[PDB]
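Undergrad: Provide a 3D model corresponding to the input given below.
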Amino acid sequence: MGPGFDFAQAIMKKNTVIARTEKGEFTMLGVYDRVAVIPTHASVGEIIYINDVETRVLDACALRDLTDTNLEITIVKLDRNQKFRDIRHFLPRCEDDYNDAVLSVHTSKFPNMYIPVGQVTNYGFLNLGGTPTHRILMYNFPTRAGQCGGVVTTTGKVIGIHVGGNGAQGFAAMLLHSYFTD
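TA: Numbers count the residues shown, from 1 in each chain. Below, you will see the structure:
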């Protein structure tokens, strides 16, 4: 409808796949080469389905901060025959608050879904499903089941991936440029 949705659509069309684990179907953001991200609660194993194709996982790392606190981001390297467009220059360098964000989802259940979530707060600490979690972003939308892994963008930045909600608020794990230096 406007330039927020335009940036979100550009990311979804080239940089997302549908990931399936034993814990469900997730929106999965491809960042560069064969490297993608997914919520840690997807419990990625040795094999994952990518757009319904059996795919070997070459590496999977559940990120934690230097206090050994969960960040809820898993970085996955996929044994895929094709690279993602490199979008690392759209990742923030620092923790921040944002205006006018869009949450975008692409699954069998929710195809081509875009939600204008508005203002995004650097919330910080969240007890997420009983697990102490850091670097949480918060937005005021009744976010449901089937949204996990959804991409949070502003015009020009890819800032997080949806990891939960409490019925009134939704929560995303930050993406930072420093996670994807090689």
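
Undergrad: just the helices in this protein please.
TA: Here the chain has its helices, by DSSP state H, at 3-15.

Undergrad: spatially speaking, which residue is in the middle of it?
TA: residue 161 (2.5 Å; CA atoms, centre = their mean).

Undergrad: and that one, what does it touch?
TA: Contacts for residue 161 (CB atoms under 8 Å, 6 or more residues apart in numbering) come out as 27, 29, 37-39, 73, 149-152, 172-173, 175. Yep, even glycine has a C-beta here, placed from its N, CA and C like the rest.

Undergrad: which one of those is nearest residue 109?
TA: residue 27 (10.6 Å; CB to CB).

Undergrad: how far away is the residue lying closest to that closest one once chain neighbours are set aside from residue 69?
TA: Once flanking residues are discounted, residue 27 sits nearest to residue 149: 3.8 Å by CB to CB, 6 or more residues apart in numbering. As judged by CB to CB, to the nearest Å, residue 149 and residue 69 stand 21 Å apart.

Undergrad: give me the beta-bridge partners of the residue nearest to the centre of the chain?
TA: For residue 161, the beta-bridge partners under DSSP bridges are residue 151, residue 173.

Undergrad: and the closest residue to residue 139 other than its chain neighbours, how many neighbours?
TA: Once flanking residues are discounted, residue 139 sits nearest to residue 117: 3.9 Å by CB to CB, 6+ apart. Residue 117 has 22 neighbours, counted by other CB atoms under 10 Å.

Undergrad: same question, residue 51
TA: For residue 51, the neighbour count with other CB under 10 Å is 12.

Undergrad: shouldn't it be in contact with residue 20?
TA: No. Counting by CB atoms under 8 Å, residue 51 does not reach residue 20; the two are 9.2 Å apart.
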